[PDB]
Amino acid sequence: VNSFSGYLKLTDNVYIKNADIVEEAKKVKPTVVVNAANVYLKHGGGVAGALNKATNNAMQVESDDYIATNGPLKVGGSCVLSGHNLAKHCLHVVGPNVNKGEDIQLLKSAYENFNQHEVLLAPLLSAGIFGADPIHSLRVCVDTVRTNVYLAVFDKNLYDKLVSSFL
């Protein structure tokens, strides 16, 4: 049992809700919140900009030190950093950005990072400003992630479409 509330159950391990991931993280304080990161960990907009703003920029300060030490992530890759006031940990995952021409097959590699954590609160990778089809992202999530994932969908109209088209 866990404290995630109001989710629709899609499969044995995937759950979904129309929710602002910042507010959901603040309420639940999950072990892991996933960020929709880029390779430079520059948290400017979308989910990343919102999560970082909620940390009062502490996420960005930590991330800048990470990059100075380690260099950029890979597309499809991830790193674990602090969850600050949102979670124990933040799993920064880089899905491909269609608006940069990045190969959508890397979306499966990106979701594989979730399997290193038993329970996650997450957005749909590569959706939103990353330009991929959210229906496709949900399909890849369900077909790749085997651990328990609680998906927060920002847009209500999209949430209803994701539910109503789910196979």
# chains A, B, ... in the order shown; residues from 1 in each chain; ligands from 1
>>> residues_around(residues="region 90-93 of chain A", least_positions_apart="5", cutoff="7 Å", atoms="only C-alpha atoms", output="ChimeraX atom specification")
/A:32-37,77-83,110
>>> residues_around(residues="region 18-27 of chain A", least_positions_apart="5", cutoff="6 Å", atoms="only C-alpha atoms", output="list in words")
residues 51, 86, 152, 153, 154, 156 and 159 of chain A
>>> select_by_dssp(residues="region 10-159 of chain A", states="helix (DSSP H, G or I)", output="ChimeraX atom specification")
/A:21-28,46-54,58-70,98-100,106-116,128-130,134-144,156-159
>>> residues_around(residues="region 139-146 of chain A", least_positions_apart="3", cutoff="8 Å", atoms="only C-alpha atoms", output="number ranges by chain")
A: 11, 13-14, 107-108, 111-112, 114-115, 124, 135-136, 149
>>> write_last_selection(atoms="N, CA, C and O atoms", output="PDB file, in the first residue's frame")
ATOM      1  N   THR A  11      -2.695  -0.760 -15.904  1.00  0.00           N
ATOM      2  CA  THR A  11      -2.167  -2.106 -15.976  1.00  0.00           C
ATOM      3  C   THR A  11      -1.804  -2.560 -14.565  1.00  0.00           C
ATOM      4  O   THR A  11      -2.039  -1.862 -13.576  1.00  0.00           O
ATOM      5  N   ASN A  13       0.970  -2.399 -13.204  1.00  0.00           N
ATOM      6  CA  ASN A  13       1.992  -1.547 -12.591  1.00  0.00           C
ATOM      7  C   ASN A  13       1.937  -0.078 -12.991  1.00  0.00           C
ATOM      8  O   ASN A  13       2.737   0.698 -12.460  1.00  0.00           O
ATOM      9  N   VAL A  14       1.049   0.316 -13.898  1.00  0.00           N
ATOM     10  CA  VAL A  14       0.988   1.693 -14.382  1.00  0.00           C
ATOM     11  C   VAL A  14      -0.359   2.312 -13.998  1.00  0.00           C
ATOM     12  O   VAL A  14      -1.431   1.746 -14.275  1.00  0.00           O
ATOM     13  N   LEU A 107      13.176   6.873 -26.758  1.00  0.00           N
ATOM     14  CA  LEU A 107      12.188   6.960 -25.698  1.00  0.00           C
ATOM     15  C   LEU A 107      12.142   5.674 -24.875  1.00  0.00           C
ATOM     16  O   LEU A 107      11.953   5.725 -23.652  1.00  0.00           O
ATOM     17  N   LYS A 108      12.298   4.508 -25.526  1.00  0.00           N
ATOM     18  CA  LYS A 108      12.302   3.261 -24.766  1.00  0.00           C
ATOM     19  C   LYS A 108      13.491   3.225 -23.803  1.00  0.00           C
ATOM     20  O   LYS A 108      13.342   2.887 -22.622  1.00  0.00           O
ATOM     21  N   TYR A 111      12.730   5.351 -20.770  1.00  0.00           N
ATOM     22  CA  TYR A 111      11.849   4.717 -19.793  1.00  0.00           C
ATOM     23  C   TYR A 111      12.528   3.574 -19.039  1.00  0.00           C
ATOM     24  O   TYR A 111      12.143   3.278 -17.903  1.00  0.00           O
ATOM     25  N   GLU A 112      13.520   2.902 -19.645  1.00  0.00           N
ATOM     26  CA  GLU A 112      14.191   1.817 -18.938  1.00  0.00           C
ATOM     27  C   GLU A 112      14.817   2.302 -17.634  1.00  0.00           C
ATOM     28  O   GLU A 112      14.956   1.517 -16.679  1.00  0.00           O
ATOM     29  N   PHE A 114      13.456   3.937 -15.405  1.00  0.00           N
ATOM     30  CA  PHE A 114      12.477   3.817 -14.334  1.00  0.00           C
ATOM     31  C   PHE A 114      12.572   2.464 -13.624  1.00  0.00           C
ATOM     32  O   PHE A 114      12.178   2.342 -12.464  1.00  0.00           O
ATOM     33  N   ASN A 115      13.060   1.426 -14.331  1.00  0.00           N
ATOM     34  CA  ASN A 115      13.097   0.087 -13.755  1.00  0.00           C
ATOM     35  C   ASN A 115      14.110  -0.052 -12.627  1.00  0.00           C
ATOM     36  O   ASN A 115      14.092  -1.066 -11.916  1.00  0.00           O
ATOM     37  N   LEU A 124       4.842  11.936 -18.480  1.00  0.00           N
ATOM     38  CA  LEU A 124       5.075  11.226 -19.728  1.00  0.00           C
ATOM     39  C   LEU A 124       6.317  11.787 -20.419  1.00  0.00           C
ATOM     40  O   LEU A 124       6.378  12.959 -20.802  1.00  0.00           O
ATOM     41  N   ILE A 135       0.261   9.930 -26.560  1.00  0.00           N
ATOM     42  CA  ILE A 135      -0.336   8.594 -26.634  1.00  0.00           C
ATOM     43  C   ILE A 135       0.755   7.545 -26.868  1.00  0.00           C
ATOM     44  O   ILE A 135       0.773   6.471 -26.242  1.00  0.00           O
ATOM     45  N   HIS A 136       1.715   7.869 -27.738  1.00  0.00           N
ATOM     46  CA  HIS A 136       2.863   7.000 -27.972  1.00  0.00           C
ATOM     47  C   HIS A 136       3.732   6.882 -26.725  1.00  0.00           C
ATOM     48  O   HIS A 136       4.168   5.783 -26.356  1.00  0.00           O
ATOM     49  N   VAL A 149       4.654   2.772 -11.493  1.00  0.00           N
ATOM     50  CA  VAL A 149       4.758   4.150 -11.960  1.00  0.00           C
ATOM     51  C   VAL A 149       3.392   4.824 -11.895  1.00  0.00           C
ATOM     52  O   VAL A 149       2.388   4.289 -12.391  1.00  0.00           O
TER      53      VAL A 149
END
>>> residues_around(residues="residue 99 (chain A)", least_positions_apart="5", cutoff="12 Å", atoms="only C-alpha atoms", output="list in words")
residues 104, 126, 127, 128, 129, 130, 131 and 132 of chain A
>>> closest_residue(among="A:97, A:105, A:68, A:84", to="residue 52 (chain A)", atoms="only C-alpha atoms")
A:84
>>> closest_residue(among="A:60, A:40, A:8, A:103", to="residue 72 (chain A)", atoms="only C-alpha atoms")
A:40
>>> select_by_dssp(residues="region 91-139 of chain A", states="strand (DSSP E or B)", output="number ranges by chain")
A: 91-93, 119-122
>>> atom_distance(atom1="CA of residue 150 (chain A)", atom2="CA of residue 15 (chain A)")
4.8 Å
>>> residues_around(residues="residue 167 (chain A)", least_positions_apart="4", cutoff="10 Å", atoms="only C-alpha atoms", output="ChimeraX atom specification")
/A:10,139,162-163
>>> write_last_selection(atoms="C-alpha atoms", output="mmCIF file, in the first residue's frame")
data_model
loop_
_atom_site.group_PDB
_atom_site.id
_atom_site.type_symbol
_atom_site.label_atom_id
_atom_site.label_comp_id
_atom_site.auth_asym_id
_atom_site.auth_seq_id
_atom_site.Cartn_x
_atom_site.Cartn_y
_atom_site.Cartn_z
ATOM 1 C CA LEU A 10 -4.098 1.133 -16.510
ATOM 2 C CA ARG A 139 2.332 3.080 -24.852
ATOM 3 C CA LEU A 162 -5.014 9.117 -23.019
ATOM 4 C CA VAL A 163 -7.574 7.192 -20.963
#
>>> closest_residue(among="A:106, A:67, A:59, A:75", to="residue 89 (chain A)", atoms="only C-alpha atoms")
A:59
>>> closest_residue(among="A:39, A:50, A:87, A:158", to="residue 64 (chain A)", atoms="only C-alpha atoms")
A:39
>>> decode(residues="region 32-101 of chain A", atoms="C-alpha atoms", output="PDB file, in the first residue's frame")
ATOM      1  CA  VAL A  32      11.307   9.311  -6.434  1.00  0.00           C
ATOM      2  CA  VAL A  33       9.950  12.088  -8.629  1.00  0.00           C
ATOM      3  CA  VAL A  34      11.003  11.982 -12.282  1.00  0.00           C
ATOM      4  CA  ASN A  35      12.063  15.171 -14.051  1.00  0.00           C
ATOM      5  CA  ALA A  36      11.691  15.660 -17.809  1.00  0.00           C
ATOM      6  CA  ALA A  37      15.326  16.737 -18.086  1.00  0.00           C
ATOM      7  CA  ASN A  38      17.606  17.757 -20.933  1.00  0.00           C
ATOM      8  CA  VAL A  39      21.253  16.734 -21.276  1.00  0.00           C
ATOM      9  CA  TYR A  40      22.514  20.003 -19.746  1.00  0.00           C
ATOM     10  CA  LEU A  41      20.106  19.841 -16.780  1.00  0.00           C
ATOM     11  CA  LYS A  42      18.954  23.364 -17.704  1.00  0.00           C
ATOM     12  CA  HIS A  43      15.515  23.391 -16.074  1.00  0.00           C
ATOM     13  CA  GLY A  44      13.957  26.227 -18.045  1.00  0.00           C
ATOM     14  CA  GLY A  45      10.417  25.194 -18.871  1.00  0.00           C
ATOM     15  CA  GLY A  46       7.882  22.416 -19.009  1.00  0.00           C
ATOM     16  CA  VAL A  47       8.007  19.952 -16.127  1.00  0.00           C
ATOM     17  CA  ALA A  48      11.652  20.801 -15.391  1.00  0.00           C
ATOM     18  CA  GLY A  49      11.049  24.533 -15.111  1.00  0.00           C
ATOM     19  CA  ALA A  50       8.077  23.893 -12.818  1.00  0.00           C
ATOM     20  CA  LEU A  51       9.890  21.411 -10.540  1.00  0.00           C
ATOM     21  CA  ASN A  52      12.924  23.686 -10.305  1.00  0.00           C
ATOM     22  CA  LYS A  53      10.808  26.760  -9.490  1.00  0.00           C
ATOM     23  CA  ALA A  54       9.114  24.780  -6.710  1.00  0.00           C
ATOM     24  CA  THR A  55      12.584  24.123  -5.195  1.00  0.00           C
ATOM     25  CA  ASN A  56      13.381  27.859  -5.182  1.00  0.00           C
ATOM     26  CA  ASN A  57      16.132  27.140  -7.776  1.00  0.00           C
ATOM     27  CA  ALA A  58      17.953  24.660  -5.499  1.00  0.00           C
ATOM     28  CA  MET A  59      17.489  21.969  -8.162  1.00  0.00           C
ATOM     29  CA  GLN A  60      19.264  24.174 -10.727  1.00  0.00           C
ATOM     30  CA  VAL A  61      22.158  25.010  -8.362  1.00  0.00           C
ATOM     31  CA  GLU A  62      22.698  21.303  -7.637  1.00  0.00           C
ATOM     32  CA  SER A  63      22.397  20.454 -11.329  1.00  0.00           C
ATOM     33  CA  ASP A  64      24.981  23.046 -12.379  1.00  0.00           C
ATOM     34  CA  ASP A  65      27.515  21.451 -10.016  1.00  0.00           C
ATOM     35  CA  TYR A  66      26.595  17.978 -11.350  1.00  0.00           C
ATOM     36  CA  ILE A  67      27.281  19.097 -14.941  1.00  0.00           C
ATOM     37  CA  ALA A  68      30.499  20.900 -14.049  1.00  0.00           C
ATOM     38  CA  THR A  69      31.794  17.657 -12.498  1.00  0.00           C
ATOM     39  CA  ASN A  70      30.358  15.024 -14.851  1.00  0.00           C
ATOM     40  CA  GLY A  71      29.440  16.701 -18.125  1.00  0.00           C
ATOM     41  CA  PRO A  72      26.151  16.334 -20.018  1.00  0.00           C
ATOM     42  CA  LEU A  73      23.856  13.357 -19.799  1.00  0.00           C
ATOM     43  CA  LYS A  74      23.079  11.201 -22.837  1.00  0.00           C
ATOM     44  CA  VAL A  75      19.708  11.347 -24.598  1.00  0.00           C
ATOM     45  CA  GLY A  76      17.957   8.310 -23.111  1.00  0.00           C
ATOM     46  CA  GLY A  77      20.053   8.598 -19.953  1.00  0.00           C
ATOM     47  CA  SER A  78      19.482   9.721 -16.395  1.00  0.00           C
ATOM     48  CA  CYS A  79      21.009  10.710 -13.095  1.00  0.00           C
ATOM     49  CA  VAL A  80      19.738  10.612  -9.511  1.00  0.00           C
ATOM     50  CA  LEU A  81      19.942  13.892  -7.581  1.00  0.00           C
ATOM     51  CA  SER A  82      18.176  15.288  -4.521  1.00  0.00           C
ATOM     52  CA  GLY A  83      14.410  15.625  -4.496  1.00  0.00           C
ATOM     53  CA  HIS A  84      14.727  18.780  -2.375  1.00  0.00           C
ATOM     54  CA  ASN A  85      11.319  19.727  -0.914  1.00  0.00           C
ATOM     55  CA  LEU A  86       9.452  17.523  -3.422  1.00  0.00           C
ATOM     56  CA  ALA A  87      10.703  13.953  -2.887  1.00  0.00           C
ATOM     57  CA  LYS A  88      13.597  12.005  -1.435  1.00  0.00           C
ATOM     58  CA  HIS A  89      15.224  11.763  -4.861  1.00  0.00           C
ATOM     59  CA  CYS A  90      14.748  13.279  -8.286  1.00  0.00           C
ATOM     60  CA  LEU A  91      15.459  10.964 -11.217  1.00  0.00           C
ATOM     61  CA  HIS A  92      16.402  13.321 -14.065  1.00  0.00           C
ATOM     62  CA  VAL A  93      15.561  11.433 -17.281  1.00  0.00           C
ATOM     63  CA  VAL A  94      16.334  12.715 -20.789  1.00  0.00           C
ATOM     64  CA  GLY A  95      13.744  11.689 -23.351  1.00  0.00           C
ATOM     65  CA  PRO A  96      14.369  12.581 -27.006  1.00  0.00           C
ATOM     66  CA  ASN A  97      13.287  16.070 -28.040  1.00  0.00           C
ATOM     67  CA  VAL A  98      11.536  15.887 -31.381  1.00  0.00           C
ATOM     68  CA  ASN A  99      12.081  19.647 -31.748  1.00  0.00           C
ATOM     69  CA  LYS A 100      15.837  18.856 -31.826  1.00  0.00           C
ATOM     70  CA  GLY A 101      15.421  15.975 -34.323  1.00  0.00           C
TER      71      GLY A 101
END
